[PDB]
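Next up is one chain by itself, shown in structure tokens, the form deposited in one PDB entry.
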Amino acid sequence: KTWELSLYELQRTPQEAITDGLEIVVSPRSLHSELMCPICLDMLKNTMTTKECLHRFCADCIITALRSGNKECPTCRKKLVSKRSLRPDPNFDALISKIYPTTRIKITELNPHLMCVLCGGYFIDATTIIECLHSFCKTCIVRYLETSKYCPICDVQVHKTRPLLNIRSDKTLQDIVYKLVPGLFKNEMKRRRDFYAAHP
């Protein structure tokens, strides 16, 4: 895939964090499409992630379907490499252990799981390194990988030559951010509209 950054993506401004503690509500019916396992229909327990498509399942659930199936992804029906294609998602389990309830949550407890260490703000076009499952903004990690072939956090090697081969868009994670953070999807889409209304 061409990781070309648009005119907006080159001059993109971070989405600043909301330090002033706001409490957001989380219903069990909402946030259901991203936190439930599409095999057991329960919330993810010991989350596993596919390197080819970034789809999350339970550790016991995905292992069951692979030993008795076509070694495909149960969601997108893409071909696996049968083994060493599944890496556990530890930072995803931490996010699950924060939001399993039906009460309201302080955003300051959720910010570590929704912020990019490269821009210092919320995730916009969340991209994930499929080797260590560390997520950043699309503009941040692509801008970053022009100079380094290693992860900004755990410092593992992304790829031997072309680091863009081992990154992938994390649509499931980005959908959690736009739903948790109020008005983020509205502000981010207006930022793009204001830019293209002044640079036609």
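Don't overthink the numbering: it's just position in the shown sequence, from 1. Only residues modelled in both forms are compared. Rigid core: the largest C-alpha set superposing within 1.5 Å between the two forms.
Another form, the form deposited in another entry, is not on view; read the next lines as being about it.
Peer 1: Of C40, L31, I153, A59, which one's CA moves 2 Å or more between this form and the one not shown, core aligned?
Peer 2: After core superposition, the one over threshold is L31.
Peer 1: Quick one: core overlaid, is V81 moving 2 Å or more at the Cα between this form and the one not shown?
Peer 2: Shift at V81: 2 Å or more after core fit.
Peer 1: Please say whether the CA atoms of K83 and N46 come closer or move farther apart in the other entry, knowing the change relative to this form is 3 Å or more.
Peer 2: Compared with the shown chain, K83-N46 is closer in the other entry.
Peer 1: How does the CA gap of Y178 and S30 change in the other entry versus this form, closer or farther, if it moves 3 angstroms or more?
Peer 2: Compared with the shown chain, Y178-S30 is farther in the other entry.
Peer 1: Give the residue ranges, in sequence order, where three or more consecutive C-alphas each shift by 2 Å or more between this form and the one not shown after rigid core alignment.
Peer 2: Core-superposed, the runs shifting 2 Å or more come out as 28-32, 81-83.
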